[PDB]
């Protein structure tokens, strides 16, 4: 009933998930021997993260969460206490043939008509039925729409699983957008990958065109999509502070031709969001579209972060000494070693006008694994993806090891060592929070 706004984050607070906060606080308690680190973890626990509907069972509740209604009810209470609008971040993530480029069957719904019928009736419909309840008119929902989906159709269509998934990604995203856009307090942010996947002109361009086709297939057209979100569950840095000029040439050799960048001009997500905003508008979207970056794990801080330019005559040595992204390769999506927490969630961050940023958000919740690092038997029926395997030399990474973090649990499970590293390596640094009872000398 309230009017639908251009940017639901402006002047708003964001939902804080008490279940994830409790997981963070438990991790902090396990750092009793390192009280300064525990204090930083306590600060992290106060930050807003998205709630993932990563399977049908998450709607009513499962071993990983208490159900969607629990969060919506919590969000209305948090909005009342804030006295300003509140955005509840929700991830829509269950397409038939999900994650078609993974060499594994990662999605619970197969890429078949039966899978699509279940996506519509047992996944989207119950979510929309809850979101449309008049009980929730007092909150805003920012729905991140299907990470790791549509751009596979323009970059990874050589994989048969992506060919099979293609009609279901198009029809499933259309259905999600149609059902969710009909709810006036829902704001749809289409996932746009990240610069290490789509920054090349040959990938960015066709992706923007495909997003416009999807928009035009919906009943409301371009109005169905409020904005776009990059870097979800990835680690590509917000900015490369030392490599700020991707056109720099050293002795007639472009630094973008380095092994790490593979001729891509987009070294970071600020540049990528500016690039995609341009292309999306040119493809038919209104200039009012806004962008989000998932800053949950893209900080690349800690002692390994370069602090000044190391001089070199060789483009690879120059890039490798000066990049803050310390991954083996920008395609390393599964628990890459050394990642740190990035900027805290924030409405309308300043200083990046061309990126048209509605907010920085934590879509992936820091501490949750991207996937298991070995083929562990499990009561989720989840399957093993070698991109999470520290032993795997991946063709997707120019024949290099994944650099994945070992001893990783299933996706969504708490990853103890990874969270320690994420907090230690945060950029900006994290300040500590100390409860009042711990300010007195213990007696």
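Residue numbers count along the first chain shown, from 1.
Relative to its counterpart among 244-252 and 75-83, 244-252 has the higher mean temperature factor, C-alpha atoms as listed in the PDB entry. Between 107-115 and 323-331, the higher mean Cα B-factor belongs to 107-115. In this entry, the residue among 121, 273, 144, 264 with the greatest C-alpha B factor is 121.
Among 180, 289, 153, 361, the highest C-alpha B-factor recorded in the PDB entry belongs to 153. Per-chain ranking of the deposited C-alpha B factor places residue 303 in the highest third. Residue 199: CA B factor in the middle third of modelled residues in this chain (values from the PDB entry).
Compared with the other modelled residues of the chain, the Cα B-factor recorded for residue 191 ranks in the lowest third. In the PDB entry, residue 412 places in the highest third of its chain by CA B-factor.
Placement of the Cα temperature factor of residue 389 within the chain: lowest third of the modelled residues, per the deposited record.
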